[PDB]
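Asks:
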Amino acid sequence: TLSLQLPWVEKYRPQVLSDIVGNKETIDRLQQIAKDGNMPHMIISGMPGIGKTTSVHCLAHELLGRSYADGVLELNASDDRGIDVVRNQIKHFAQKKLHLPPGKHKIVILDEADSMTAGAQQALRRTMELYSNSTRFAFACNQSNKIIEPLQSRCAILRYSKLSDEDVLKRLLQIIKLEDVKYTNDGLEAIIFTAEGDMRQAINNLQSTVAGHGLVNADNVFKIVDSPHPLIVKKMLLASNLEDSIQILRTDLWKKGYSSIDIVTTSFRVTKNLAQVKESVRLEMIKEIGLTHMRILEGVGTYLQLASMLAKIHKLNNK
Amino acid sequence: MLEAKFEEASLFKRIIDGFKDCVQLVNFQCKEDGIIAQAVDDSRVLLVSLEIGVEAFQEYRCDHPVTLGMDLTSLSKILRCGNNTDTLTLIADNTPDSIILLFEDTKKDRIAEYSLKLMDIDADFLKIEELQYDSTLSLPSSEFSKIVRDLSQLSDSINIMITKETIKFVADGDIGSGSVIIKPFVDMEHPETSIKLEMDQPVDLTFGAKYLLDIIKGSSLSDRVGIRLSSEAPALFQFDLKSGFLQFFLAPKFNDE
Amino acid sequence: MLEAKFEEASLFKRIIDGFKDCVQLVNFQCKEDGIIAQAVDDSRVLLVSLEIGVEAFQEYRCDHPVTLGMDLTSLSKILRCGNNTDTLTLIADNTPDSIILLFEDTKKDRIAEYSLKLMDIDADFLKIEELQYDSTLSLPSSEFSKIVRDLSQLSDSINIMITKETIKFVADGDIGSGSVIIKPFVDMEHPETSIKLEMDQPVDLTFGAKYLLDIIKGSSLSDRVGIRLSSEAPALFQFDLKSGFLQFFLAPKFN
Amino acid sequence: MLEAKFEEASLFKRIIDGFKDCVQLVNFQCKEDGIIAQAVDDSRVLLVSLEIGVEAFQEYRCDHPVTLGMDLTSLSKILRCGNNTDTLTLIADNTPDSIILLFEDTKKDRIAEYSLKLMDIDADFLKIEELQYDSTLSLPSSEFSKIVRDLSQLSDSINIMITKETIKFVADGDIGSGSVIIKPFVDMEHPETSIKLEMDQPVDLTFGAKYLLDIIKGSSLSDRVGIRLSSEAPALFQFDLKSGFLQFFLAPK
DNA sequence: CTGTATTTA
DNA sequence: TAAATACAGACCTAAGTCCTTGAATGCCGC
DNA sequence: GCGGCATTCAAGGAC
Ligand SMILES: Nc1ncnc2c1ncn2[C@@H]1O[C@H](COP(=O)(O)OP(=O)(O)O)[C@@H](O)[C@H]1O
Ligand SMILES: [Mg+2]
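So the sequence lines, in the order shown, correspond to chains A, B, C and D. Just so you know, we're using UniProt numbering here: the first sequence kicks off at 4 and counts up by one. Just so you know, we're using UniProt numbering here: the second sequence kicks off at 1 and counts up by one. Just so you know, we're using UniProt numbering here: the third sequence kicks off at 1 and counts up by one. Just so you know, we're using UniProt numbering here: the fourth sequence kicks off at 1 and counts up by one.
Encoded structure:
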């Protein structure tokens, strides 16, 4: 081997706002903003792999044309979160003179904006206030709560949601058409099912399946990509008899190499997000799983503790 | 288009060094007469004015009065690269987005072309009206710089007292105080270190020590300082050039009761 | 038993100060022909290869090949314990352990005995690079260091371009841009000022600024540095010593 | 009243710089035959005792013992006003509130005036016991400071050995070891760089590196420094220029 | 939540 | 003088590391 | 003798 080829995430990364299959309303708003100009300050939030960084990148490209090189300051906020960075480099770029078309502005992209420190986040407010007529800020984060309220006060807020199955399927079919890949409907359904609304993860799984087996079929997908781990745990707690829950814990989880701490964390998360049972039952189950987790975190993590967890949950469900 | 050629780049290097620690962003206005630059301090307490005439350049060119918004830190970084024996050429094209600094060696053919991005400085053009003062003297820059450096170690406030043709510099701090008394004298064989003073009214002002240090940091463009006092007006601290000057307008303290 | 006796004690200090920031741990290979050393940066971006022959040593005795694994952050302090007019002596027993450094004055009578505990670096360092490059230039070390430190302020990436009798350093950053252009000239009145260039094919590639600043820290050894570039090959920055040389194989950035 | 016309401001500048980072606020006792200064660090390991006689001054006048409390940092900041061509004049009155320092130049048109406000500090009694010391060495101050700064890099504990008329400074750290060995030296051509040694019993002791680094700060006072070692008494570190002298009493562990 | 400051009825 | 709503009561310490960040220390360069 | 930069460390915050 001498070299590798570009991954389908990067090779088929959209370069225009039309190629994005995300939320139609916000994408159309971004297209209209790019067509008209006067882009306002914004923060885009959502879950990983739904088209947040790509959307802002294509928006900046379409807005600035050939002036992207000298009009876009793209920094990973987690990479550069120091208050000194905002004080010196961001400030100098904001005051920098640049002759631009009468509807376009310099764009500051702050990727992973949720990781910025408090000092830089507070220092950015006056920087974005005094140079708001020639410098525009677009934050890309996963949690809006990590950004201070005054920072959110001066900008538009774009909450991206999980991609629907139809959009992911359409993008996947477009990729297969552009790559000439042998596929099966069951394989694409499995890819979507294990994607859980993350387009990047779906694309990566599809590319890995093609490179490893060649045929996108459900059997191959489940062989190379395991089924979502929380679903087995959810089936495990919701068992009617203790024997079945013990069997799932033994075979699907313990004999497959899943660590005890992972199992207890997944059970905690599933019971937190569970909706089939009542509130009191859920809180009592979380109590028992938390006690077992406390036992595991001391290094007592074995199969006996998880067996006791399931037995005590089944006692709780036994009225 | 503008193409201004200096005699030594070190001259502009010292000019930029003189007023780089007080202001940060300066509008350089270029006209057929020369270059004028006025900048207000971030605290709006010390104003910096600078004039460089057409006779301070080896070659001068201007087709229209042009404004250049420059950051002094970046300018110092660019000018630090040059040496003492290079010709410095400032070049600006139409629709100025950046300024080119050419350093040309006279003994070799090596050329160093640097680029500096301009800044948008939304500052108003004000007029520095000249009015007759009450006291105007000239004393060597080095001595004044030494007095400021010794007196700043006690307090941040400096009282200037010109009375009875005596100059009194007072620094009243937390630990003791310091007083410097100067009597003007005319020394024949070198007038360079003489003190030429004209006093009409005895003036009592008070200034900030930090601004005084920022002003004396420019004690490399001349031998003496033209120091002009006024009781209701900011004082003028001037360093004369071959064809221009560097003035500092320093607003005094509040002379309460 | 390794026993080395230098001409001047500051020459080893000047050698080690070149490696002070770009290298942490080194494996000195001691043989009958001299001391060899090869090291890789923590980021594995530059490679340092030092060779000092028996000429630099006033005395030399190496019974068998020796491997001395040592840390530079301590040897720098140990050499800083000497003087400008001292002489240095390296002592190592049959089994490599606790290298001994002896500082002796020639004007007076003084003995400075220092010890350094060795460390076992498992990775071996014996690779040698012998390949023709597209361009070979030579310029004074002070001038090259001046350009590197002057253009490092503009950005973190410095592009070197070799074209027909033209040498270009470009540095484009956020505060502006800069370009230094030189021509190869021959100075008969002083030979250590002239700049030589032999090119086979034009080159254009970019390095990081901080690694260049670390390499130019070796300018205190030789007054002239050679710079060898090739396409898809590491760049060779060579300071020639009296008995050997020191070479940095520094790797460019991906385009 | 107190009127002390110094020979040069640089002399007092260096004498004050000798113990910058040792103590902060101390009281100088000024009496007719000279000025004494006693200070103790909070670690209770070093005693700084500075005696300056009348002969060290170009003019000295005082008729009543006085105590003058002051902070070292502000005093040094005041001395920064001095240059190489001005002389110091210290004026104190019967009511200690502020010392008046006058800088006098050869040209009578440049006269400087400054004031130093006194602070009140609880003084400590004098440690002037002359207990017998086993060994006595005398070595150049610059060389000694060089050895101290060299051995402080390896370990924080410097071992001093006076043994078989050999002087050994040992610094065994985690990265390695250090050993500087010197022999007695008498010179007839430069009577300032010599290694004088008078040994009665061999002396083995260990001292802190930071303490010795603080002591060697007074190397600007003298070209050579005299060290007296005892196994049961604090070691003495002595600098002197012509008549004014300074001692550090280090209590070994 | 109670309790208080502010605005408008 | 009542509706009508905002909206304020209050801020913890040991501990573990990692991170930032101001400021002092430290050294080299000039 | 300052001037400048780099390094280190302590104070607060977060989980
Ligand atoms: N709505 C979408 N339409 C098309 N491709 C998408 C979409 N969302 C994500 N992708 C793919 O995911 C890759 C990177 O996604 P990215 O936008 O960085 O995720 P995030 O939104 O978490 O930043 C891109 O190469 C892109 O092809
Ligand atoms: Mg992203």
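Ideal Cβ positions, reconstructed from N, Cα and C, are used throughout, including at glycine.
Classify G302(A) as buried or exposed, calling it buried when 16 or more other Cβ atoms lie within 10 Å of its own Cβ.
Replies: exposed
Asks: Closer than 8 Å between beta carbons: that is the criterion. Which residues of the region 79–99 of chain A meet it against chain B?
Replies: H95, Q98 and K99
Asks: Express the C-alpha separation of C22(D) and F142(A) in angstroms, rounding to a whole number.
Replies: 52 Å
Asks: Hey, which unbroken runs of the alpha helix (DSSP H) at 4 residues or more fall wholly within the region 68–100 of chain B?
Replies: Qualifying alpha helix (DSSP H) stretches, in chain order: 72–80.
Asks: When you compare only the Cα positions, how much space is there between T136(C) and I160(C)?
Replies: Distance from the CA of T136(C) to the CA of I160(C), rounded to the nearest whole angstrom, comes to 13 Å.
Asks: Identify the contact partners of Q38(B) in chain D, using a Cβ-Cβ distance below 7 Å as the criterion.
Replies: Going along chain D, no residue has its Cβ under 7 Å from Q38(B), so there is no contact; the nearest lies around 34 Å.
Asks: Does any residue of chain D have a CB that is nearer than 8 Å to the CB of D150(B)?
Replies: yes
Asks: When the cut-off is 8 Å and only beta carbons count, does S177(B) lie next to chain D?
Replies: Yes, its Cβ sits closer than 8 Å to a Cβ of chain D.
Asks: For a contact defined as C-beta to C-beta under 9 Å, what are the partners of residue 257(C) on chain B?
Replies: Since the first residue shown for chain C is 1 and the last is 255, residue 257(C) is missing from the structure and cannot be characterised.
Asks: If you follow the beta strand (DSSP E) that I182(D) is part of, which residue opens it and which one closes it?
Replies: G176 to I182
Asks: Could you check if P191(C) belongs to the surroundings of ligand 1, using beta carbon to heavy atom distance under 7 Å?
Replies: It does not: the Cβ of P191(C) is nowhere closer than 7 Å to a heavy atom of ligand 1.
Asks: May I ask you to list the residues that DSSP assigns as paired with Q247(D)?
Replies: Under the DSSP definition of a beta bridge, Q247(D) partners with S49(D) and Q238(D).
Asks: Could you give the DSSP three-state label for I128(C): helix, strand or coil?
Replies: coil
Asks: Do we get a CB-CB distance below 8 Å when we pair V180(D) with the residues of chain C?
Replies: Yes, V180(D) lies at the interface with chain C (some Cβ there is under 8 Å from its Cβ).
Asks: Can you tell me which of the three DSSP states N276(A) falls into?
Replies: helix
Asks: What's the call for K13(D), buried or exposed, on a 16-neighbour Cβ count within 10 Å?
Replies: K13(D) should be labelled buried.
Asks: Please check if any C-beta of chain C sits within less than 8 Å of the C-beta of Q153(D).
Replies: yes
Asks: Assess, as a yes-or-no matter, whether the region 112–119 of chain D is touched by the region 170–184 of chain D under the definition of 3 or more beta carbon pairs within less than 8 Å.
Replies: By the Cβ criterion, the region 170–184 of chain D is not in contact with the region 112–119 of chain D, since fewer than three pairs of Cβ atoms, one from each stretch, lie closer than 8 Å.
Asks: What I want to know is whether the C-beta of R162(A) ends up closer than 7 Å to one or more non-hydrogen atoms of ligand 1.
Replies: no
Asks: Given that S98(B) touches chain C, what residues does it touch there, using C-beta distances under 9 Å?
Replies: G176 and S177
Asks: For ligand 1, is there a heavy atom less than 7 Å away from the beta-carbon of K31(B)?
Replies: no
Asks: Buried or exposed, going by whether 16 or more other CB atoms sit within 10 Å of the CB of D86(C)?
Replies: buried
Asks: Looking at the unbroken beta strand (DSSP E) that takes in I162(D), where does it start and where does it end?
Replies: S157 to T163
Asks: Across which residues does DSSP place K196(D) in a beta bridge pair?
Replies: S138(D)
Asks: Would the beta-carbon of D114(A) be found less than 7 Å away from any heavy atom of ligand 2?
Replies: For ligand 2, at least one heavy atom lies less than 7 Å from the Cβ of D114(A).
Asks: Anything in chain C within Cβ reach of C30(B), meaning under 9 Å, just list it in chain order.
Replies: Simply none; closest approach about 19 Å.
Asks: Of all the CB atoms in chain D, is at least one closer than 8 Å to the CB of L2(C)?
Replies: no
Asks: Keeping to the same chain, check which residues put their C-beta closer than 7 Å to that of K5(B); ignore five residues upstream and five downstream.
Replies: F57, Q58, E59, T87 and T89
Asks: What first and last residue would you give for the alpha helix (DSSP H) that runs through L307(A)?
Replies: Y306 to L319
Asks: Who are the neighbours of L68(C) on chain D, taking C-beta pairs under 8 Å?
Replies: Chain D residues near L68(C): none, gap ~13 Å exceeds 8 Å.
Asks: For the alpha helix (DSSP H) containing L245(A), list its first residue and its last residue.
Replies: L245 to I251
Asks: Let me confirm a value: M297(A) is counted as buried when at least 16 other C-beta atoms fall within 10 Å, else exposed. Which label applies?
Replies: Flag for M297(A) reads exposed.
Asks: Exposed or buried, which one is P43(A) when buried takes at least 16 other CB atoms within 10 Å?
Replies: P43(A) should be labelled exposed.
Asks: How would you write the range of the alpha helix (DSSP H) that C61(A) sits in, first residue to last?
Replies: Counting along the chain, the alpha helix (DSSP H) containing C61(A) begins and ends at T56 to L67.
Asks: Is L131(D) buried or exposed, if buried means 16 or more other CB atoms sit within 10 Å of its CB?
Replies: exposed
Asks: Helix or strand or just coil, what does DSSP make of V75(A)?
Replies: strand
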